[PDB]
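# Structural characterization, general
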Amino acid sequence: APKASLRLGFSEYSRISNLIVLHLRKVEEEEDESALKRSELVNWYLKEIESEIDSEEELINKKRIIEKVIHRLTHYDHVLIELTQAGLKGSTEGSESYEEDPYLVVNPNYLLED
């Protein structure tokens, strides 16, 4: 398909998906496969897009979009790879790296729901 064209407008989701593919493509080439704290991805993302924010609505939108994508990723997509339980949830301090846990990993092949 040339495009599906998600009737709603998904340029927002595309910018977030671009973030996913960009972070991962760099990290897989530099180190391994994104892994680590999923929240950090939003963190630095906001730090980048903050420069394009014309208005608070843009910021709010970007935040809720990236969040929805991560929420979707973890539940529906299942393009998330995780190992133990410890660094995955991040509900307790002291998630050890020696335990070979990669925390949250995202598949290089992401997709849309339509």
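Residues numbered from 1 in each chain as written, not as in the entry; some residues may be left out. Heavy atoms only, no water.

For this deposited structure, the header cites solution NMR as the method used.

In this section: the overall build of the protein chain. When its secondary structure is counted, the protein chain shows four helices and two strands. Ordered by position from N to C terminus, the α and β elements of the protein chain give α-α-α-β-α-β. A principal-axis box enclosing the C-alpha atoms of the protein chain has dimensions of 45 × 35 × 25 Å. In the protein chain, which comprises 114 residues, the proportion classed as buried is 29%. Nonlocal contacts in the protein chain, meaning residues at least 24 apart in sequence, comprise 57% of its contacts between residues at least 6 apart. Split by element, the accessible area of the protein chain, about 8,400 Å² in all, is 45% carbon and sulfur. A distance of 7 Å separates the average location of the 14 positive side-chain charges in the protein chain from that of its 25 negative side-chain charges. (Helix = DSSP H or I, 4+ residues; strand = E, 2+ residues; numbered from the N terminus. Buried < 20%, exposed > 50% of the residue type's maximum accessible area, 1.4 Å probe, protein only. Contact = heavy atoms within 4.5 Å. Areas by Shrake-Rupley, 256 points an atom, 1.4 Å probe, with all protein chains shown as cover. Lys, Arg positive; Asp, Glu negative; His and termini not counted. Charge placed at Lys NZ, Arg CZ, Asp CG, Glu CD.)

Positionally, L59 belongs in helix α3 (residues 56–77). We classify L59 as partly exposed; its relative accessible area is 30%. For the pair formed by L59 and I49, sequence separation is 10 residues and the distance between their alpha carbons is 8.0 Å. Ignoring sequence-local partners within four residues, the contact set of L59 consists of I49 and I53.

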